[PDB]
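Residue numbers (PDB author numbering), protein chains in the order written: chain A, 647 to 715; chain H, 26 to 109, 111 to 563; chain F, 26 to 109, 111 to 563; chain L, 26 to 109, 111 to 563.
Shown next, in structure tokens, is the structure this report addresses.
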Amino acid sequence: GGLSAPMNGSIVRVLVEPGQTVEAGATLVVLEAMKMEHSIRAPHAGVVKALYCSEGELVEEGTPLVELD
Amino acid sequence: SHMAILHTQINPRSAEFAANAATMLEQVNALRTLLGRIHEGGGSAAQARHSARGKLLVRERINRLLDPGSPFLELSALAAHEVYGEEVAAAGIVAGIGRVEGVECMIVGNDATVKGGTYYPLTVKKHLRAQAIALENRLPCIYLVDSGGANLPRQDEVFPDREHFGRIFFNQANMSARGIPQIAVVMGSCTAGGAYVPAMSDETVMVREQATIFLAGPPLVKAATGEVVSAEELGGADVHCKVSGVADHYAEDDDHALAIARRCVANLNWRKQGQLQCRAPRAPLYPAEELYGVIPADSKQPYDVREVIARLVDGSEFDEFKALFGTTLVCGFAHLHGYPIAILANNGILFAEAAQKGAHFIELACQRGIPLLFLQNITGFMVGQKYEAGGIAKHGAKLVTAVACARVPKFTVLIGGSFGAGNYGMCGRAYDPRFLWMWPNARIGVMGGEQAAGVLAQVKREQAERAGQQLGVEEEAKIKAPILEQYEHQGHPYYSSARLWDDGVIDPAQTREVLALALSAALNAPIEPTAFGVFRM
Amino acid sequence: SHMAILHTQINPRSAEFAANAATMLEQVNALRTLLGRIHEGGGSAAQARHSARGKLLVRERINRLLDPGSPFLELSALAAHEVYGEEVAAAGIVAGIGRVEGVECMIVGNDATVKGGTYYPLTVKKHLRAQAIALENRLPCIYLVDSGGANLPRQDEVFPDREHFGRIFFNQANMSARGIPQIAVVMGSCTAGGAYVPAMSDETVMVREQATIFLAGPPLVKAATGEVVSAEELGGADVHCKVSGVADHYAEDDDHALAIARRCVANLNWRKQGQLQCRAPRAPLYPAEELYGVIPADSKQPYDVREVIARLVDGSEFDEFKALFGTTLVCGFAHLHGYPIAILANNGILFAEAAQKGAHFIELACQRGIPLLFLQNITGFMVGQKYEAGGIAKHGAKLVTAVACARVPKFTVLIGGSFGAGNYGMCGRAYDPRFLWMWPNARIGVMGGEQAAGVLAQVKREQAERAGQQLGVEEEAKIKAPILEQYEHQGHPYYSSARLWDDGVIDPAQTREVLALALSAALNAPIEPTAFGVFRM
Amino acid sequence: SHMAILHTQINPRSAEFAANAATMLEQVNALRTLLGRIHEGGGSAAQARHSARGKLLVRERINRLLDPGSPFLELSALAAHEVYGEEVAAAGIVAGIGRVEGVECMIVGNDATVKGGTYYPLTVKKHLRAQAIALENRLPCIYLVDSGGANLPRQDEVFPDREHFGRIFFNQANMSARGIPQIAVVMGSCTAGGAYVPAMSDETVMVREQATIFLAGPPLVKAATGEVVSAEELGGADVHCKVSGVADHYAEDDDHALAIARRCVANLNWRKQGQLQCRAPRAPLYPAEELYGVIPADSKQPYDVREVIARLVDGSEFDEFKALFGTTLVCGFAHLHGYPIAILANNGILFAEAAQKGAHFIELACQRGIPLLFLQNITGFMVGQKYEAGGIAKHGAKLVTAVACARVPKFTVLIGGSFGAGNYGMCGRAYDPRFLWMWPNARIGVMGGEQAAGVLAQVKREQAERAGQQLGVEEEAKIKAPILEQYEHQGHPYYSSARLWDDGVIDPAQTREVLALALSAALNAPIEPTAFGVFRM
Ligand SMILES: CC(C)(COP(=O)(O)OP(=O)(O)OC[C@H]1O[C@@H](n2cnc3c(N)ncnc32)[C@H](O)[C@@H]1OP(=O)(O)O)[C@@H](O)C(=O)NCCC(=O)NCCS
Ligand SMILES: CC(C)(COP(=O)(O)OP(=O)(O)OC[C@H]1O[C@@H](n2cnc3c(N)ncnc32)[C@H](O)[C@@H]1OP(=O)(O)O)[C@@H](O)C(=O)NCCC(=O)NCCS
Ligand SMILES: CC(C)(COP(=O)(O)OP(=O)(O)OC[C@H]1O[C@@H](n2cnc3c(N)ncnc32)[C@H](O)[C@@H]1OP(=O)(O)O)[C@@H](O)C(=O)NCCC(=O)NCCS
Ligand SMILES: *C(=O)CCCC[C@@H]1SC[C@@H]2NC(=O)N[C@@H]21
Ligand SMILES: *C(=O)CCCC[C@@H]1SC[C@@H]2NC(=O)N[C@@H]21
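Below is the structure:
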């Protein structure tokens with residue numbers, strides 16, 4: 647599963663690559679709303695099965711950002 | 026009371042009279058015209074661009090909200106005159123006091139035509155000086171909100187500090203707390219800054235399909251987590267009238283919303299708390315316009331102030347305290363349109379006895395709860411070796427304590443010059459008079475033009491004297507040149523009213539008429555007892 | 026109470042930690058070093074020229090006056106920094123709170139070395155700001171006057187208006203009336219303006235053959251009816267102690283003068299007014315310097331404030347209110363050096379919840395008479411269409427009313443960013459916190475750098491869009507450039523503290539030490555009952 | 026204010042209307058008639074047996090003492106209806123407010139005819155309830171004492187406890203202390219208990235050869251150490267006015283006694299302390315009768331409250347606040363017989379919106395010192411899963427703190443239903459509204475008939491369900507039957523008014539003039555400043 651943009655904002659760095667094996671909260675996608683960076687980590691250690699948020703993608707509150715498997 | 030009369034000594038037909046009167050009226054027409062240009066707002070250009078959107082003009086919203094034919098005392102209209111780079115009419119906010127449902131109220135409205143209605147530094151300062159007169163004189167407040175935000179380019183002089191924007195909300199909530207109703211009428215955009223004037227107010231009104239209260243308008247909102255929304259959607263009139271609750275009355279348009287506002291001030295159950303022994307209002311005994319000629323055209327030309335008094339008091343009856351003592355300062359009792367007042371007017375220099383006389387008077391007024399009226403035309407304190415050795419220092423101190431401590435209502439009118447310690451000893455701007463006004467002929471400054479260029483240049487050739495040299499009339503003269511003019515320029519009324527060191531420049535012949543209005547307006551608020559500090563004997 | 030403990034999660038050993046700790050500590054040395062330069066005064070130059078006249082230097086007069094090793098809280102040391111053209115160290119006047127005969131006192135003295143100790147605008151702003159702290163907290167006042175006059179060239183910002191010079195006397199007569207003694211020590215020139223500080227003060231002291239109080243010194247007095255006489259003749263120490271009576275105490279020299287001073291502060295029959303239920307003072311659970319590494323160096327990288335609280339409160343005991351609700355705002359009770367305090371620290375944004383949480387907390391602290399401490403690190407109020415239609419507008423306002431109205435001592439420290447509505451709701455400068463401080467890493471502005479540049483540039487291409495055109499990234503980029511930098515500039519601690527928007531920049535790691543000092547001093551004055559305005563529900 | 030008008034929407038001639046109107050007008054006549062019976066006292070039986078002794082009857086003494094044609098507002102006449111075994115008319119005590127010597131006075135008199143005038147438990151309750159309205163509204167009191175003792179058989183409900191008998195003297199002595207004169211007129215027997223009503227009263231009057239004030243009459247006194255003596259000698263009228271001094275004025279008969287009483291009320295130097303901005307009283311715009319047909323006849327039939335409003339206020343002018351927000355509750359300002367008042371009428375359920383709307387409203391009225399008027403027709407609070415998690419709980423509380431704390435005059439009328447939370451949130455019995463009334467159609471209860479039958483019987487088959495059983499249609503039906511009717515019975519006005527949970531049931535058509543009288547007499551007492559508890563935000 648995932649958190650996918652815990653809030654609404656603008657992505658500036660999408661670390662964990664499509665496919666990789668996470669750790670224990672690896673900031674998978676780093677969001678930024680109102681001059682403040684909101685890195686959404688990973689609450690249940692596994693692998694990343696597909697991320698849809700190429701840096702800049704100014705998604706919304708709910709949008710699908712990254713998903714385990 | 027036929028002894029308390031002031032028999033004039035002025036000849037209205039005299040040539041000298043007409044001469045003075047001449048230049049004076051000219052000065053008044055000088056102001057008449059500029060105030061006219063200021064009524065223009067952001068210029069017929071955007072102004073018409075305004076009425077286009079179906080929005081009533083700021084100055085007209087007021088005339089409509091007022092009581093039929095009620096008077097209106099405008100505050101600092103020369104606000105921001107040639108101060109900021112551009113022209114920013116009456117600082118982009120019109121404010122004044124006027125009857126609304128039989129209650130004298132404080133109205134504050136923005137000119138969305140002036141640089142977008144945004145808050146320039148002075149704008150904020152003007153909005154706040156209104157709130158002071160409001161809290162100081164107990165006038166309920168009607169905010170006719172229609173502003174962009176705060177002038178982003180100059181934020182550093184508009185956002186942080188104590189006296190900045192935000193002190194606007196501080197005063198609002200304190201007034202609401204001290205039972206001085208806070209009303210708000212939203213008739214345009216109200217982005218972030220101004221979003222609070224309506225959120226923090228006893229009662230709030232919005233014009234549908236026109237008003238918008240939101241912490242972040244579409245600009246900022248898209249610049250946050252993307253999202254693109256219309257204004258009406260984000261924070262429209264219907265969103266805060268039926269949805270959230272940031273507003274209270276849903277108005278159909280400018281006219282409606284003002285009508286709704288009227289009605290709010292109607293169920294206020296308001297009662298005035300001041301209270302004096304006002305008496306039968308009787309007019310002067312000399313036409314108030316005659317003043318034009320009483321005042322010399324020669325700024326440093328000596329005239330008797332008793333003559334300006336006989337043209338403002340009722341029945342020209344004035345009873346003078348310490349009649350013939352330190353005559354440099356006239357002190358006396360009389361009434362103004364009923365309301366009894368204690369007067370303190372300059373008649374020249376100001377030796378030590380002038381202060382004692384003045385301090386002692388203020389003690390009698392403060393004891394009887396009689397409003398204080400100051401008429402400034404002070405050139406300074408008499409100096410010298412003996413005069414300083416006599417305590418012209420400590421005695422002058424006596425006067426200031428009394429003045430700063432007086433809790434009755436204080437009123438000041440500049441009818442000559444405020445120079446040096448004088449301004450302070452005669453209830454100047456820093457002594458919180460309810461209102462302070464300036465005549466067209468008056469000039470204010472720390473000390474004369476060449477008076478300061480004197481010392482300032484004198485030292486330069488005192489440091490270079492014990493420095494093995496002398497100052498040649500060559501640099502000394504290029505040393506006093508720019509100061510001599512700087513003073514001339516920053517001593518003029520417009521430069522003063524532009525910065526709010528006064529609640530405006532007035533028509534010398536209207537004096538009596540403005541003082542009556544002010545007094546009454548300050549009677550909505552209790553006359554508090556007075557507590558004196560220590561007196562340097 | 027082993028459960029009210031805050032267990033850190035900070036590793037003082039980690040890499041990340043020393044990283045922050047690094048840039049933080051650099052910033053402190055940046056301040057450490059500038060602070061020293063300002064202790065220079067008018068520079069080694071005239072500074073030595075001072076001691077030559079036999080006059081103790083400013084900062085030394087203070088050390089001598091204080092009680093053996095008593096502490097001293099200096100105010101706005103960065104005053105007027107890089108503000109006027112020239113360099114005017116600590117704005118030509120150093121003030122602060124220190125023990126004198128067992129009484130926390132407000133001491134103000136001028137640096138006759140900085141441009142003649144005359145008053146530049148900021149000098150008056152700072153002198154005034156002290157009498158505010160004096161009044162607001164009831165600390166007797168010691169003025170160590172040694173100044174020229176008012177800086178003549180910039181008078182239009184030193185003499186007229188309400189909060190300009192002369193408001194100095196106002197405040198003095200008023201405090202003297204409210205029984206906060208006013209004491210003066212004349213140890214230099216005292217021409218015209220500052221002439222009243224000594225004349226309007228319960229008790230006055232003069233240094234013979236050095237002090238001079240005259241309304242018009244020899245420069246001016248010769249510019250009068252001619253006349254030529256010396257300084258000591260006109261208004262020296264012997265003229266005013268033996269003859270006039272403008273002085274009360276005849277001192278032999280700077281050191282003696284200060285001694286006489288202390289003796290006055292001795293027979294003040296002074297008693298403190300505050301009253302809290304302070305307990306025995308227990309130190310925190312973690313080195314206060316650990317803070318350097320608690321604060322990210324990455325401006326907008328989120329961290330948990332509870333870690334900051336943990337290093338200031340006593341025994342790192344913190345009882346948290348609405349623990350898990352509107353988490354963006356942290357609220358709780360605990361003590362600091364014994365005195366009980368209520369904390370409100372930002373932990374992120376500020377959605378409606380937070381505001382309500384906060385308003386509600388203030389209500390409780392206001393009802394139990396516990397002082398409030400605000401810890402700002404607010405980036406703003408979450409914006410959006412739902413958040414707005416949800417009243418994040420009016421909810422935020424409930425917070426301000428609360429803060430604005432609270433009559434319990436309030437204290438503010440900027441440990442992050444004060445940007446927008448945030449600054450206000452968190453007891454910013456405009457809400458009279460008795461004291462407000464800034465860490466070196468804190469940045470304060472109306473809103474972010476490009477944030478403003480964003481909107482300010484966007485309207486330009488909206489007025490020009492409905493104008494049949496568009497703005498090419500050519501002019502768009504040139505409309506953003508200036509603003510981007512302007513904000514970066516007007517947001518730094520120096521820029522702020524130089525203008526007094528804060529009573530100074532302090533050492534993050536000493537925060538606790540200063541907070542307890544303040545509090546204690548604020549207890550010289552009663553904690554008043556609180557009266558709330560209307561709360562928009 | 027031609028837009029402040031409420032334009033009717035009811036057709037006086039509709040069938041619908043005439044239908045409601047019918048059933049309503051019958052309820053009224055049902056009440057008119059009972060009141061009649063109640064004016065009988067102990068029945069023509071002993072009632073005439075009374076006149077025999079030459080004593081005027083209770084109701085007559087009142088009309089004789091009143092000011093020629095003065096109005097009279099009776100308190101709870103349905104007092105003790107179908108409550109105790112026998113019939114005890116208006117609980118053997120008639121009390122109400124009426125003009126005596128141009129003073130709005132509270133008058134209490136006992137019916138010697140009802141079971142010997144003795145005090146049934148309810149007698150004490152009504153007597154004390156009178157004294158409250160007396161204290162809460164600063165109304166001087168006239169006691170027309172003529173009673174046996176306390177109903178000896180039911181003494182455990184009349185003697186001990188806090189607000190039982192004896193709290194009459196407490197009430198009395200405190201009032202005399204608060205300056206609300208305490209006058210007593212003894213026109214019959216006054217043994218033991220009521221012995222103090224006359225002993226403890228500023229001024230006391232006895233009718234000779236009729237009145238008797240003694241701690242123990244001859245019944246008790248013989249039961250003492252024997253001794254046999256008549257009433258007139260033990261403690262007659264001649265005994266206590268010529269000898270003891272337990273009385274002050276010696277009257278010849280009932281009509282005389284009453285005249286002596288007026289006289290005292292005449293030398294009260296009495297002045298009202300209330301203070302409102304009352305204007306010229308203007309009648310409504312729609313027959314007050316019209317109301318009979320405004321109220322639907324079908325209890326749970328939704329109608330528009332704005333219609334009852336338009337038939338009560340002056341010139342049917344009503345300024346609606348939060349016009350279209352949480353419309354389940356209508357709020358607005360208007361005047362009534364001059365006195366300005368804040369109204370909060372129920373219009374349905376009551377979700378969060380409503381409460382905040384109301385709480386914010388009471389703040390505005392409390393801020394302006396305007397009397398509160400509640401119109402209860404509340405079914406209850408909107409329940410649900412999301413409605414609960416939305417804070418319907420805390421927001422409802424917001425309303426109650428407000429109501430609980432408002433110190434302006436509060437007035438409550440039940441025009442629909444008082445059920446559950448609602449009752450409290452609208453200033454129910456427990457929130458001390460100076461007066462609280464009830465219409466005939468109105469019903470009071472913790473919750474509807476079967477509503478309570480629902481839950482009450484449901485737990486029975488949930489405790490009998492986790493008990494391996496179930497409740498068959500047979501036992502659950504017998505579990506809900508008694509409840510269904512119980513509520514129906516303890517929901518009727520008479521049942522309410524019988525127990526004093528209301529100061530009486532009134533004619534919906536008279537509502538207006540009843541509220542006009544109340545208000546006015548509530549102004550014999552100062553409108554106090556209000557202090558709010560803590561608001562759960
Ligand atoms: C206020 C606003 C809706 C203007 O609407 P409008 O009626 O169409 O008016 P315009 O957009 O034509 O504005 C015209 C003037 O407004 C001025 N202006 C608007 N907002 C401004 C601001 N915040 N600072 C400085 N100037 C501003 C522009 O400089 C422009 O000047 P110009 O006429 O000399 O070119 C729009 O500018 C806006 O969204 N501003 C938001 C302001 C803000 O975010 N402030 C927050 C800080 S408290
Ligand atoms: C105050 C005074 C005695 C100085 O004595 P001093 O110890 O010899 O000091 P100096 O004369 O060397 O003054 C040196 C500095 O004082 C400054 N200064 C003094 N008075 C000043 C004034 N009123 N305004 C501006 N600058 C002043 C000069 O600018 C000079 O600056 P610099 O050092 O950068 O060249 C002399 O300046 C004086 O008589 N001034 C009177 C001030 C006055 O009349 N003010 C009335 C206005 S309320
Ligand atoms: C009060 C009293 C003088 C009545 O005189 P009266 O005018 O002749 O009236 P009656 O004696 O005919 O009384 C008629 C009713 O009074 C009732 N009554 C009188 N005192 C009563 C008492 N204290 N408790 C209960 N009932 C009482 C009787 O029950 C009787 O009821 P009934 O008419 O249904 O038969 C006589 O009852 C008496 O002496 N009572 C003294 C009361 C007392 O001592 N109480 C002290 C307790 S605080
Ligand atoms: C113009 O003539 C000013 C007089 C100069 C005298 C000096 S300058 C300001 C000081 N205050 C005052 O009243 N006189 C002093
Ligand atoms: C920096 O990120 C500023 C945030 C911008 C959001 C807008 S600007 C000021 C308004 N008040 C507030 O709390 N945020 C709003």
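Here a beta-carbon is modelled for each residue, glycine too, at the ideal position from N, C-alpha and C.
Proximity of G219(H) to chain A, defined by a Cβ-Cβ separation below 8 Å, is not satisfied. Distances between the C-beta of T149(F) and the heavy atoms of ligand 5 are all 7 Å or more. Taking the Cα of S546(L) as reference, the smallest distance to any Cα among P366(L), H27(L) and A46(L) is reached at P366(L). Each of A380(L), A478(L) and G174(L) was checked against the Cα of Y145(L), and the nearest Cα belongs to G174(L). Ordered by chain, the residues meeting the criterion of a beta-carbon within less than 6 Å of a non-hydrogen atom of ligand 4 are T405(H), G406(H), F407(H), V409(H), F445(H), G446(H), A447(H), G448(H), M473(H), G474(H), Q477(H), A218(F), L241(F), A242(F) and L246(F). Contacts with chain H at 8 Å (Cβ-Cβ) do not include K436(F). Residues of chain F whose Cβ lies closer than 9 Å to the Cβ of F561(L) are, in chain order, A385, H386, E389, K424, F558, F561 and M563.
Contacts with chain L (Cβ-Cβ distance below 8 Å) from the stretch 463-482 of chain H involve no residue at all. Between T556(F) and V434(F), the gap from beta carbon to beta carbon is short of 8 Å. For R125(H), no chain L residue has a Cβ inside 8 Å of its Cβ, as the nearest lies near 16 Å away.
Short note on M680(A): C-beta closer than 7 Å to some heavy atom of ligand 5. Inter-residue distance for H361(H) and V499(H) is about 55 Å (C-alpha atoms, whole angstroms).
Legend: CB atoms of the stretch 82-101 of chain F lying less than 7 Å from CB atoms of chain A are not found in any residue. Close partners of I375(F) in chain A (Cβ separation under 9 Å): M653, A679, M680 and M682. Within the DSSP secondary-structure output, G443(L) pairs in a beta bridge with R469(L). The continuous beta strand (DSSP E) containing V134(L) extends over residues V129 to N136.
DSSP, reduced to helix, strand and coil, places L161(F) within a helical segment of the structure shown. Annotation: the continuous beta strand (DSSP E) that includes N403(H) extends over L398 to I404. Nearest in C-alpha terms to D458(L), of all of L398(L), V409(L), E488(L) and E476(L), is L398(L).
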